[PDB]
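For reference, the structure is listed below as structure tokens.
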Amino acid sequence: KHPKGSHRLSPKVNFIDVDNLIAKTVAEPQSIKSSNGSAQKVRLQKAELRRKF
Amino acid sequence: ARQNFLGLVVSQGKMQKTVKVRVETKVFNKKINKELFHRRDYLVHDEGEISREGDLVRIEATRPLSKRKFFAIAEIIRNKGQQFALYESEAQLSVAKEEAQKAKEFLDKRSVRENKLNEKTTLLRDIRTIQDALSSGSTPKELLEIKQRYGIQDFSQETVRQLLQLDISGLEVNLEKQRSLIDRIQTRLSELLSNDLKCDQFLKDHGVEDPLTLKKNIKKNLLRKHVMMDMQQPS
RNA sequence: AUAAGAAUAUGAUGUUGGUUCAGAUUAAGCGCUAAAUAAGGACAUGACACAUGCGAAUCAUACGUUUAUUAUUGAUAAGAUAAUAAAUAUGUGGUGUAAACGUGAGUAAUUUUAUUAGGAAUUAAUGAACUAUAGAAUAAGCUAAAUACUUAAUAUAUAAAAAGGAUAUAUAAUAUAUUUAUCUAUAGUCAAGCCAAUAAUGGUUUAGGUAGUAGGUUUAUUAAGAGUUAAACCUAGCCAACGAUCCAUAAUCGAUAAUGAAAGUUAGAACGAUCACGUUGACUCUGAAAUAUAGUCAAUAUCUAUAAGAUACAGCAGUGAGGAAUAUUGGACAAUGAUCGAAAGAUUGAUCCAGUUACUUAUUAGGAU
RNA sequence: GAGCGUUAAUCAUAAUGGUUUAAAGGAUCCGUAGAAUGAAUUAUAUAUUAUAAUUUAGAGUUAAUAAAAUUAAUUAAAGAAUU
RNA sequence: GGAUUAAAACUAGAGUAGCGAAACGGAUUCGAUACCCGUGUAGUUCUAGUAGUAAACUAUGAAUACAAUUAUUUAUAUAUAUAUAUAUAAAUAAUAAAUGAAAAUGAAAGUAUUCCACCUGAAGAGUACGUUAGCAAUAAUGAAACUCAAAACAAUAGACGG
RNA sequence: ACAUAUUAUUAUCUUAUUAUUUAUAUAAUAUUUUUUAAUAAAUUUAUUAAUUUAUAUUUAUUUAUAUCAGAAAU
Ligand SMILES: [K+]
Ligand SMILES: [K+]
Ligand SMILES: [K+]
Ligand SMILES: [K+]
Ligand SMILES: [K+]
Ligand SMILES: [K+]
Ligand SMILES: [K+]
Ligand SMILES: [K+]
Ligand SMILES: [K+]
Ligand SMILES: [K+]
Ligand SMILES: [K+]
Ligand SMILES: [K+]
Ligand SMILES: [K+]
Ligand SMILES: [K+]
Ligand SMILES: [K+]
Ligand SMILES: [Mg+2]
Ligand SMILES: [Mg+2]
Ligand SMILES: [Mg+2]
Ligand SMILES: [Mg+2]
Ligand SMILES: [Mg+2]
Ligand SMILES: [Mg+2]
Ligand SMILES: [Mg+2]
Ligand SMILES: [Mg+2]
Ligand SMILES: [Mg+2]
Ligand SMILES: [Mg+2]
Ligand SMILES: [Mg+2]
Ligand SMILES: [Mg+2]
Ligand SMILES: [Mg+2]
Ligand SMILES: [Mg+2]
Ligand SMILES: [Mg+2]
Ligand SMILES: [Mg+2]
Ligand SMILES: [Mg+2]
Ligand SMILES: [Mg+2]
Ligand SMILES: [Mg+2]
Ligand SMILES: [Mg+2]
Ligand SMILES: [Mg+2]
Ligand SMILES: [Mg+2]
Ligand SMILES: [Mg+2]
Ligand SMILES: [Mg+2]
Ligand SMILES: [Mg+2]
Ligand SMILES: [Mg+2]
Ligand SMILES: [Mg+2]
Ligand SMILES: [Mg+2]
Ligand SMILES: [Mg+2]
Ligand SMILES: [Mg+2]
Ligand SMILES: [Mg+2]
Ligand SMILES: [Mg+2]
Ligand SMILES: [Mg+2]
Ligand SMILES: [Mg+2]
Ligand SMILES: [Mg+2]
Ligand SMILES: [Mg+2]
Ligand SMILES: [Mg+2]
Ligand SMILES: [Mg+2]
Ligand SMILES: [Mg+2]
Ligand SMILES: [Mg+2]
Ligand SMILES: [Mg+2]
Ligand SMILES: [Mg+2]
Ligand SMILES: [Mg+2]
Ligand SMILES: [Mg+2]
């Protein structure tokens, strides 16, 4: 018998799916939004470079 | 993984669900340039209270269970402590029965000796009446009684000789038979080994298959097993 | 891998044995002496007391307030409205000060340090503040007004939100567009809590210690284990001559410094890592995290405004004191950073430089004849 | 040598030691712990260790045979001399 | 940790011839709190205890493996043409080797292994203080400061010796 | 001996503050609630001040426990 209130087995290792990690962390913009603004264009360029990296 | 140690249970039954386990680890002492064993006692959780003092157990790290308890019993590697408890209980019953039997065999022997001390008749005197009545023809009722004191219904010269037999005599004959067997076994094997042809035949006669193709030790054991199967089984 | 001895006993000899010397070094002081330059350091002592000036501000594109001009209105000029250009940070607001800097008092470890390819309770509806993506941003009240605060609405058992401002254009205050902010969710990044094992000074002429003490069960509390804290009920344990308990002393350590052939020994100033503290003690608030250099009360000292007041230089410079002994009441935000701001920019005793001082190191301090 | 000296300190400079007679064998033995040490063969293992089986050279038990009359405790006696 | 532990000493009760701390006398002597003599108390003896100390010495802890000889005893065994002879151990003596400052050790103080106790200049000091134990005397444990460059052992050659 | 200073402790005494926990109010505020005046608008309704009613949030006093600190003892 293992101690009462304790887990008999060790917690399961968490294996990372890089495809899922990429999908949740650096997801692509869902729509091709209209970046007519100067600040919108800069933000779009920075986001694209960050996602590529 | 969780840190596991091997140790001997050194205390049990003093705390509820807690035992003390002695863990010895190997360390190097730079000062004396020697690899030493370092010892430490662990307070260990025993959920099932199965372990006993003397057991060899494996303890595994757990969550904090008390101020000083951080390990639990994970397996009983050897259960010498549990065996000790079982053998002690059995001994009390086993010894009581034997002592009762021996006490009854001592009182019985005492009664027989007391009974014999109540019979004034003595072996010498009784054997002097069975040898005078057998040489004179008189048959006083004492003889009939003597035929009950000893069970010797018939009074002949070959009945007093069987009333006075000493165990030593039997031992002397058993010893001669024992010596004969040993001497015969040795001479038989000694001769067999001297004659390889008679040896090969000997093995085949006793049921060996191609004894010729055998080693000295692999075959002398067969010869020894056969010589001792021809002087101890037939007798 | 790199390992040297010497002087001193004795009448003389051999040996035992201590003492001292030859080497290197310093957070050094002192005596005598002293040229320039470059670089590295500089109160180890009283966590003693401190005159004076500085070290934390910033935002006017949150709200409010105040001018001037022009136009319209006001049949006489007091005001109103809009545009434009300024002013206001002694009004309400936001963000910033849990860091950095300094110090080593406490701390010998239920707490601190170091280490491990350690662990679970199998750690919160925590983001602190950036990144990627998606969605949302509603109605009242209170204040003079608001991106203040309060109460509601709707948003992953379901719970739990918000905020507008600036600039254009079109409308008749509204709508779009741009720009900068607000809120929520998911992941990442950064970053937190808890536990184990091992090691960490001297004294037993401190030998017995312990009574929540050791363990079990349950509730409360927490994101979370556990006599961690509080309550209840049980068992009689737990630690200790391989040194318990107690006392004294001390911030700890390194790929740092010193030394040695090396194992080691010493230091812990300088560089870096960690911990603790900001005159002393306890407590509370906010918060993911604070017994916070905050707040509350008390203690000690000082001060002026005499108030249920303010201050506490272990931030920089500096002064008195103590001591053998440790420096400028300097310059600059040019560089690297940090904070505020949409930006323009503002602030920065962080920092960068210089000053003082042979404290250390290095170079130079004239060759041929 | 822009230092030199001196004081205060740190490291190094002999245990690749000793205890009849020079500092140092505990009066003696018994025996607990020892994180002290300790036989043989073979087979495994994760290996100078562990486990299992097997073995008798250390250490013990019993008996047989021979030998010895001491050392403890207790009780019962003797002797020369002395006053 | 435990047990035993000379002599002296102590507690209680018996004993007390001889011996004999002390005490009191006689001598010796310049003096004689001595050496010598007398009278001689405690003690020396026994029983029941306390105490755990000695030059308690081989000034040498215990165990195991091992190494060259002789001599002398002892023990066991063997043999005989019966009284010796031959073996194997132990003890002791003198040695080789080895070790050692040497004196010497000699089966250890040799060659090795294992475990325990103990030492780190002299003096202060086995003292002071504390503690523990004891009826007590005491026993165990056991420092530091100050001071010094000493201090000690074996051996050598002398000098000296009632 | 002892006179001092420092620290620690407590079956003791006093105790700021705070936390937790009691009891109380003709306590305050908001809402609800029962009525009542005054006032106002319109021609019943609203507002204000009271009373009744519960609810939540506070406040004052109060009970108990713990607690900085000081006193006494050791
Ligand atoms: K528990
Ligand atoms: K000299
Ligand atoms: K010397
Ligand atoms: K110097
Ligand atoms: K702004
Ligand atoms: K400073
Ligand atoms: K410190
Ligand atoms: K906007
Ligand atoms: K201690
Ligand atoms: K300094
Ligand atoms: K700057
Ligand atoms: K010696
Ligand atoms: K006498
Ligand atoms: K002797
Ligand atoms: K010994
Ligand atoms: Mg020197
Ligand atoms: Mg400089
Ligand atoms: Mg200082
Ligand atoms: Mg404005
Ligand atoms: Mg303001
Ligand atoms: Mg801080
Ligand atoms: Mg809104
Ligand atoms: Mg509003
Ligand atoms: Mg708000
Ligand atoms: Mg709300
Ligand atoms: Mg909702
Ligand atoms: Mg003392
Ligand atoms: Mg619990
Ligand atoms: Mg506790
Ligand atoms: Mg309780
Ligand atoms: Mg300190
Ligand atoms: Mg160190
Ligand atoms: Mg430092
Ligand atoms: Mg240190
Ligand atoms: Mg410094
Ligand atoms: Mg603090
Ligand atoms: Mg403080
Ligand atoms: Mg404070
Ligand atoms: Mg200060
Ligand atoms: Mg300063
Ligand atoms: Mg001075
Ligand atoms: Mg400045
Ligand atoms: Mg130089
Ligand atoms: Mg050395
Ligand atoms: Mg020795
Ligand atoms: Mg001895
Ligand atoms: Mg001795
Ligand atoms: Mg034997
Ligand atoms: Mg007597
Ligand atoms: Mg006399
Ligand atoms: Mg005794
Ligand atoms: Mg003595
Ligand atoms: Mg002695
Ligand atoms: Mg003797
Ligand atoms: Mg023995
Ligand atoms: Mg003594
Ligand atoms: Mg001599
Ligand atoms: Mg109170
Ligand atoms: Mg207190």
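Ordering of the structure tokens sets the chain letters (A, B, ...), residue numbers begin anew at 1 in every chain, and ligands are numbered from 1 in the order given.
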Quiz prompt | Selection as a ChimeraX atom specification: residues within 12 Å of ligand 57 by only C-alpha atoms (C1' of nucleotides) and all ligand atoms | solution = /D:21-22 /E:102-103,152-156
Atoms kept (N, CA and C atoms (P, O5', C5', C4', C3', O3' and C1' of nucleotides)) for selection, written as a PDB file, in the first residue's frame:
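The new file part25.pdb reads:
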```
ATOM      1  P     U D  21      60.243   3.403  28.261  1.00  0.00           P
ATOM      2  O5'   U D  21      61.765   3.746  28.572  1.00  0.00           O
ATOM      3  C5'   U D  21      62.392   3.298  29.765  1.00  0.00           C
ATOM      4  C4'   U D  21      63.890   3.314  29.626  1.00  0.00           C
ATOM      5  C3'   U D  21      64.478   4.609  29.088  1.00  0.00           C
ATOM      6  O3'   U D  21      64.666   5.582  30.097  1.00  0.00           O
ATOM      7  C1'   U D  21      65.389   2.768  27.907  1.00  0.00           C
ATOM      8  P     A D  22      63.726   6.883  30.146  1.00  0.00           P
ATOM      9  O5'   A D  22      63.874   7.511  28.690  1.00  0.00           O
ATOM     10  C5'   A D  22      62.791   8.179  28.063  1.00  0.00           C
ATOM     11  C4'   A D  22      63.252   9.409  27.325  1.00  0.00           C
ATOM     12  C3'   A D  22      62.157  10.277  26.726  1.00  0.00           C
ATOM     13  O3'   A D  22      61.599  11.159  27.686  1.00  0.00           O
ATOM     14  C1'   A D  22      63.966  10.011  25.183  1.00  0.00           C
TER      15        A D  22
ATOM     16  P     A E 102      72.544   3.625  15.624  1.00  0.00           P
ATOM     17  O5'   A E 102      73.867   2.948  16.199  1.00  0.00           O
ATOM     18  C5'   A E 102      73.809   1.909  17.165  1.00  0.00           C
ATOM     19  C4'   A E 102      73.940   2.437  18.572  1.00  0.00           C
ATOM     20  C3'   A E 102      73.807   1.397  19.676  1.00  0.00           C
ATOM     21  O3'   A E 102      75.036   0.750  19.962  1.00  0.00           O
ATOM     22  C1'   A E 102      72.389   3.237  20.143  1.00  0.00           C
ATOM     23  P     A E 103      75.077  -0.822  20.294  1.00  0.00           P
ATOM     24  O5'   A E 103      74.519  -0.919  21.782  1.00  0.00           O
ATOM     25  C5'   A E 103      75.247  -0.387  22.879  1.00  0.00           C
ATOM     26  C4'   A E 103      74.433  -0.423  24.148  1.00  0.00           C
ATOM     27  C3'   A E 103      73.786  -1.760  24.478  1.00  0.00           C
ATOM     28  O3'   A E 103      74.675  -2.659  25.119  1.00  0.00           O
ATOM     29  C1'   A E 103      72.179  -0.038  24.680  1.00  0.00           C
ATOM     30  P     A E 152      67.412  17.747  31.168  1.00  0.00           P
ATOM     31  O5'   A E 152      66.949  16.491  30.305  1.00  0.00           O
ATOM     32  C5'   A E 152      65.782  15.761  30.652  1.00  0.00           C
ATOM     33  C4'   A E 152      65.423  14.746  29.596  1.00  0.00           C
ATOM     34  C3'   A E 152      66.459  13.668  29.318  1.00  0.00           C
ATOM     35  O3'   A E 152      66.430  12.614  30.265  1.00  0.00           O
ATOM     36  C1'   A E 152      65.650  14.543  27.273  1.00  0.00           C
ATOM     37  P     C E 153      67.752  11.755  30.568  1.00  0.00           P
ATOM     38  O5'   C E 153      67.809  10.692  29.385  1.00  0.00           O
ATOM     39  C5'   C E 153      66.753   9.765  29.180  1.00  0.00           C
ATOM     40  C4'   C E 153      66.908   9.039  27.868  1.00  0.00           C
ATOM     41  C3'   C E 153      68.213   8.276  27.681  1.00  0.00           C
ATOM     42  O3'   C E 153      68.195   6.997  28.290  1.00  0.00           O
ATOM     43  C1'   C E 153      67.784   9.585  25.761  1.00  0.00           C
ATOM     44  P     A E 154      69.533   6.380  28.931  1.00  0.00           P
ATOM     45  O5'   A E 154      70.375   5.879  27.678  1.00  0.00           O
ATOM     46  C5'   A E 154      69.971   4.741  26.932  1.00  0.00           C
ATOM     47  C4'   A E 154      70.777   4.591  25.666  1.00  0.00           C
ATOM     48  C3'   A E 154      72.284   4.462  25.838  1.00  0.00           C
ATOM     49  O3'   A E 154      72.699   3.149  26.172  1.00  0.00           O
ATOM     50  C1'   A E 154      71.824   6.058  24.165  1.00  0.00           C
ATOM     51  P     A E 155      73.980   2.914  27.114  1.00  0.00           P
ATOM     52  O5'   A E 155      75.215   3.408  26.238  1.00  0.00           O
ATOM     53  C5'   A E 155      75.656   2.675  25.104  1.00  0.00           C
ATOM     54  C4'   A E 155      76.498   3.528  24.187  1.00  0.00           C
ATOM     55  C3'   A E 155      77.843   3.979  24.741  1.00  0.00           C
ATOM     56  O3'   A E 155      78.860   3.004  24.595  1.00  0.00           O
ATOM     57  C1'   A E 155      76.706   5.843  23.856  1.00  0.00           C
ATOM     58  P     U E 156      80.165   3.043  25.533  1.00  0.00           P
ATOM     59  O5'   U E 156      80.953   4.341  25.057  1.00  0.00           O
ATOM     60  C5'   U E 156      81.546   4.402  23.768  1.00  0.00           C
ATOM     61  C4'   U E 156      82.397   5.636  23.602  1.00  0.00           C
ATOM     62  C3'   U E 156      83.459   5.860  24.666  1.00  0.00           C
ATOM     63  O3'   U E 156      84.623   5.086  24.444  1.00  0.00           O
ATOM     64  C1'   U E 156      82.295   7.883  24.266  1.00  0.00           C
TER      65        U E 156
END
```
With a cut-off of 10 Å, could you pull out the residues of chain D touching ligand 4 and give me the nearest pair of atoms for each, distance in Å to one decimal, using only C-alpha atoms (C1' of nucleotides) and all ligand atoms, ordered by chain and ascending number, as a tab-separated table?
```
residue	atom	partner	partner_atom_place_in_ligand_line	distance
D:4	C1'	ligand 4	1 (K)	9.2
D:5	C1'	ligand 4	1 (K)	8.1
D:6	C1'	ligand 4	1 (K)	7.7
D:7	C1'	ligand 4	1 (K)	9.0
```
Grab the residues selected above and save them as a PDB file, in the first residue's frame with N, CA, C and O atoms (P, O5', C5', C4', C3', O3' and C1' of nucleotides).
```
ATOM      1  P     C D   4      61.147  47.711  -2.549  1.00  0.00           P
ATOM      2  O5'   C D   4      62.092  47.905  -1.283  1.00  0.00           O
ATOM      3  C5'   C D   4      63.490  48.087  -1.440  1.00  0.00           C
ATOM      4  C4'   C D   4      64.111  48.695  -0.209  1.00  0.00           C
ATOM      5  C3'   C D   4      63.723  48.055   1.114  1.00  0.00           C
ATOM      6  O3'   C D   4      64.437  46.868   1.397  1.00  0.00           O
ATOM      7  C1'   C D   4      63.521  50.392   1.296  1.00  0.00           C
ATOM      8  P     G D   5      63.707  45.664   2.166  1.00  0.00           P
ATOM      9  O5'   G D   5      63.599  46.184   3.666  1.00  0.00           O
ATOM     10  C5'   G D   5      64.772  46.443   4.419  1.00  0.00           C
ATOM     11  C4'   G D   5      64.496  47.312   5.619  1.00  0.00           C
ATOM     12  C3'   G D   5      63.568  46.737   6.676  1.00  0.00           C
ATOM     13  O3'   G D   5      64.221  45.824   7.539  1.00  0.00           O
ATOM     14  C1'   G D   5      62.947  48.968   6.217  1.00  0.00           C
ATOM     15  P     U D   6      63.420  44.579   8.159  1.00  0.00           P
ATOM     16  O5'   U D   6      62.411  45.244   9.193  1.00  0.00           O
ATOM     17  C5'   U D   6      62.885  45.963  10.322  1.00  0.00           C
ATOM     18  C4'   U D   6      61.765  46.703  11.006  1.00  0.00           C
ATOM     19  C3'   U D   6      60.563  45.860  11.406  1.00  0.00           C
ATOM     20  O3'   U D   6      60.748  45.174  12.632  1.00  0.00           O
ATOM     21  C1'   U D   6      59.818  47.787  10.270  1.00  0.00           C
ATOM     22  P     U D   7      60.121  43.710  12.845  1.00  0.00           P
ATOM     23  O5'   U D   7      58.620  43.992  13.286  1.00  0.00           O
ATOM     24  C5'   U D   7      58.329  44.692  14.486  1.00  0.00           C
ATOM     25  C4'   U D   7      56.896  45.158  14.518  1.00  0.00           C
ATOM     26  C3'   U D   7      55.841  44.081  14.337  1.00  0.00           C
ATOM     27  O3'   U D   7      55.570  43.368  15.530  1.00  0.00           O
ATOM     28  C1'   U D   7      55.340  45.908  12.932  1.00  0.00           C
TER      29        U D   7
END
```
All residues 9 Å or closer to residue 25 of chain D, only C-alpha atoms (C1' of nucleotides), same chain fewer than 2 positions away omitted, as a PDB file with N, CA, C and O atoms (P, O5', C5', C4', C3', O3' and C1' of nucleotides), in the first residue's frame:
```
ATOM      1  P     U D  19      58.865   4.069  19.004  1.00  0.00           P
ATOM      2  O5'   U D  19      58.025   4.146  20.352  1.00  0.00           O
ATOM      3  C5'   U D  19      58.426   5.003  21.410  1.00  0.00           C
ATOM      4  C4'   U D  19      57.412   5.020  22.526  1.00  0.00           C
ATOM      5  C3'   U D  19      56.915   3.661  22.996  1.00  0.00           C
ATOM      6  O3'   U D  19      57.807   3.022  23.893  1.00  0.00           O
ATOM      7  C1'   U D  19      55.074   5.108  22.680  1.00  0.00           C
TER       8        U D  19
ATOM      9  P     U E  60      55.675  -2.144  30.427  1.00  0.00           P
ATOM     10  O5'   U E  60      56.025  -2.385  28.891  1.00  0.00           O
ATOM     11  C5'   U E  60      55.414  -1.615  27.862  1.00  0.00           C
ATOM     12  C4'   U E  60      55.586  -2.254  26.503  1.00  0.00           C
ATOM     13  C3'   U E  60      55.035  -3.676  26.374  1.00  0.00           C
ATOM     14  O3'   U E  60      54.604  -3.914  25.031  1.00  0.00           O
ATOM     15  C1'   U E  60      57.324  -3.695  25.898  1.00  0.00           C
ATOM     16  P     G E  61      53.243  -3.290  24.445  1.00  0.00           P
ATOM     17  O5'   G E  61      52.119  -4.339  24.852  1.00  0.00           O
ATOM     18  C5'   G E  61      51.439  -4.252  26.095  1.00  0.00           C
ATOM     19  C4'   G E  61      49.975  -4.572  25.940  1.00  0.00           C
ATOM     20  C3'   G E  61      49.649  -5.797  25.102  1.00  0.00           C
ATOM     21  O3'   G E  61      49.800  -7.019  25.800  1.00  0.00           O
ATOM     22  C1'   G E  61      48.282  -4.007  24.416  1.00  0.00           C
ATOM     23  P     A E 117      40.501   3.589  21.011  1.00  0.00           P
ATOM     24  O5'   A E 117      41.633   3.588  22.129  1.00  0.00           O
ATOM     25  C5'   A E 117      41.360   3.125  23.441  1.00  0.00           C
ATOM     26  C4'   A E 117      42.595   3.149  24.305  1.00  0.00           C
ATOM     27  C3'   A E 117      43.394   4.441  24.287  1.00  0.00           C
ATOM     28  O3'   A E 117      42.836   5.456  25.101  1.00  0.00           O
ATOM     29  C1'   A E 117      44.865   2.610  24.061  1.00  0.00           C
ATOM     30  P     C E 118      42.920   6.995  24.647  1.00  0.00           P
ATOM     31  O5'   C E 118      44.475   7.332  24.717  1.00  0.00           O
ATOM     32  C5'   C E 118      45.197   7.172  25.927  1.00  0.00           C
ATOM     33  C4'   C E 118      46.685   7.263  25.711  1.00  0.00           C
ATOM     34  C3'   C E 118      47.197   8.530  25.047  1.00  0.00           C
ATOM     35  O3'   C E 118      47.283   9.627  25.939  1.00  0.00           O
ATOM     36  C1'   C E 118      48.245   6.645  24.076  1.00  0.00           C
TER      37        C E 118
END
```
Quiz item: Taking only C-alpha atoms (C1' of nucleotides) into account, what are the residues of chain D at most 12 Å from chain B, put as a list in words?
Solution: residues 34, 35, 36, 49 and 51 of chain D
Quiz item: Once you count only C-alpha atoms (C1' of nucleotides) and all ligand atoms, which residues end up within 12 Å of ligand 30, and could you hand them over as a ChimeraX atom specification?
Solution: /C:212,218-219,227,229-234
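Around ligand 17, using only C-alpha atoms (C1' of nucleotides) and all ligand atoms and a cut-off of 8 Å, the residues in contact are residues 39, 40 and 41 of chain C.
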Please save C-alpha atoms (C1' of nucleotides) of the selected residues as a PDB file, in the first residue's frame.
```pdb
ATOM      1  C1'   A C  39      45.481  50.795 -15.079  1.00  0.00           C
ATOM      2  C1'   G C  40      43.360  48.444 -10.649  1.00  0.00           C
ATOM      3  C1'   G C  41      41.713  49.716  -5.260  1.00  0.00           C
TER       4        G C  41
END
```
Quiz prompt | segment 354-367 of chain C environment, 7 Å, only C-alpha atoms (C1' of nucleotides), sequence neighbours closer than 2 positions dropped, as a PyMOL selection string | solution = chain C and resi 35+327-328+330-331
Exercise. For ligand 2, collect every residue having any atom at a distance of at most 10 Å from a ligand atom (counting only C-alpha atoms (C1' of nucleotides) and all ligand atoms); output as an MDAnalysis selection string.
Key: (chainID C and resid 7:9) or (chainID E and resid 149:150)
Write a file of the selected residues as a PDB file, in the first residue's frame, keeping C-alpha atoms (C1' of nucleotides).
```pdb
ATOM      1  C1'   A C   7      71.263  28.156  13.011  1.00  0.00           C
ATOM      2  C1'   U C   8      70.783  26.664  18.111  1.00  0.00           C
ATOM      3  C1'   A C   9      72.339  20.543  22.446  1.00  0.00           C
TER       4        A C   9
ATOM      5  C1'   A E 149      65.533  28.289  24.335  1.00  0.00           C
ATOM      6  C1'   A E 150      65.612  25.054  26.361  1.00  0.00           C
TER       7        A E 150
END
```
Got a sec to check which residues lie within 9 Å of ligand 34, using only C-alpha atoms (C1' of nucleotides) and all ligand atoms, and send them as a PDB file with N, CA, C and O atoms (P, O5', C5', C4', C3', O3' and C1' of nucleotides), in the first residue's frame?
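New file result_8.pdb:
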```pdb
ATOM      1  P     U C 201      31.569  22.617  10.443  1.00  0.00           P
ATOM      2  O5'   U C 201      32.359  23.643  11.369  1.00  0.00           O
ATOM      3  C5'   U C 201      33.626  24.152  10.985  1.00  0.00           C
ATOM      4  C4'   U C 201      34.188  25.080  12.032  1.00  0.00           C
ATOM      5  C3'   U C 201      34.282  24.519  13.442  1.00  0.00           C
ATOM      6  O3'   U C 201      35.415  23.693  13.642  1.00  0.00           O
ATOM      7  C1'   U C 201      33.313  26.669  13.518  1.00  0.00           C
ATOM      8  P     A C 250      31.640  37.526  16.394  1.00  0.00           P
ATOM      9  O5'   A C 250      31.447  36.855  14.963  1.00  0.00           O
ATOM     10  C5'   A C 250      32.571  36.502  14.171  1.00  0.00           C
ATOM     11  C4'   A C 250      32.177  35.728  12.939  1.00  0.00           C
ATOM     12  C3'   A C 250      31.081  36.334  12.081  1.00  0.00           C
ATOM     13  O3'   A C 250      31.545  37.381  11.248  1.00  0.00           O
ATOM     14  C1'   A C 250      30.676  34.022  12.370  1.00  0.00           C
ATOM     15  P     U C 252      31.037  33.843   6.995  1.00  0.00           P
ATOM     16  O5'   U C 252      30.341  33.014   5.828  1.00  0.00           O
ATOM     17  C5'   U C 252      29.504  31.909   6.124  1.00  0.00           C
ATOM     18  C4'   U C 252      28.930  31.294   4.873  1.00  0.00           C
ATOM     19  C3'   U C 252      29.913  31.028   3.746  1.00  0.00           C
ATOM     20  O3'   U C 252      30.690  29.859   3.928  1.00  0.00           O
ATOM     21  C1'   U C 252      28.006  32.090   2.871  1.00  0.00           C
ATOM     22  P     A C 267      40.394  32.545   7.585  1.00  0.00           P
ATOM     23  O5'   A C 267      40.257  33.744   6.549  1.00  0.00           O
ATOM     24  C5'   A C 267      41.103  34.879   6.637  1.00  0.00           C
ATOM     25  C4'   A C 267      41.067  35.699   5.373  1.00  0.00           C
ATOM     26  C3'   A C 267      39.692  36.157   4.917  1.00  0.00           C
ATOM     27  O3'   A C 267      39.249  37.309   5.612  1.00  0.00           O
ATOM     28  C1'   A C 267      40.901  35.289   3.072  1.00  0.00           C
ATOM     29  P     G C 268      37.705  37.481   6.010  1.00  0.00           P
ATOM     30  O5'   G C 268      36.968  37.632   4.610  1.00  0.00           O
ATOM     31  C5'   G C 268      37.392  38.609   3.668  1.00  0.00           C
ATOM     32  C4'   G C 268      36.684  38.445   2.351  1.00  0.00           C
ATOM     33  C3'   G C 268      35.170  38.607   2.427  1.00  0.00           C
ATOM     34  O3'   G C 268      34.683  39.281   1.270  1.00  0.00           O
ATOM     35  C1'   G C 268      35.707  36.423   1.647  1.00  0.00           C
TER      36        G C 268
END
```
Quiz prompt | Polymer residues at most 12 Å from residue 65 of chain F, only C-alpha atoms (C1' of nucleotides), same-chain spacing of 2 or more positions, as a list in words | solution = residues 230 of chain C; 19, 20, 21, 22, 63 and 67 of chain F
Contacts of chain E with ligand 50 up to 12 Å, shortest pair per row, only C-alpha atoms (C1' of nucleotides) and all ligand atoms, as a tab-separated table:
```
residue	atom	partner	partner_atom_place_in_ligand_line	distance
E:19	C1'	ligand 50	1 (Mg)	11.5
E:20	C1'	ligand 50	1 (Mg)	8.5
E:21	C1'	ligand 50	1 (Mg)	10.3
E:22	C1'	ligand 50	1 (Mg)	10.6
E:23	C1'	ligand 50	1 (Mg)	11.0
E:24	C1'	ligand 50	1 (Mg)	11.1
E:25	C1'	ligand 50	1 (Mg)	10.5
E:26	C1'	ligand 50	1 (Mg)	10.9
E:34	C1'	ligand 50	1 (Mg)	11.5
E:35	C1'	ligand 50	1 (Mg)	11.2
E:36	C1'	ligand 50	1 (Mg)	9.2
E:37	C1'	ligand 50	1 (Mg)	7.6
E:38	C1'	ligand 50	1 (Mg)	7.8
E:39	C1'	ligand 50	1 (Mg)	9.3
E:40	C1'	ligand 50	1 (Mg)	8.1
```
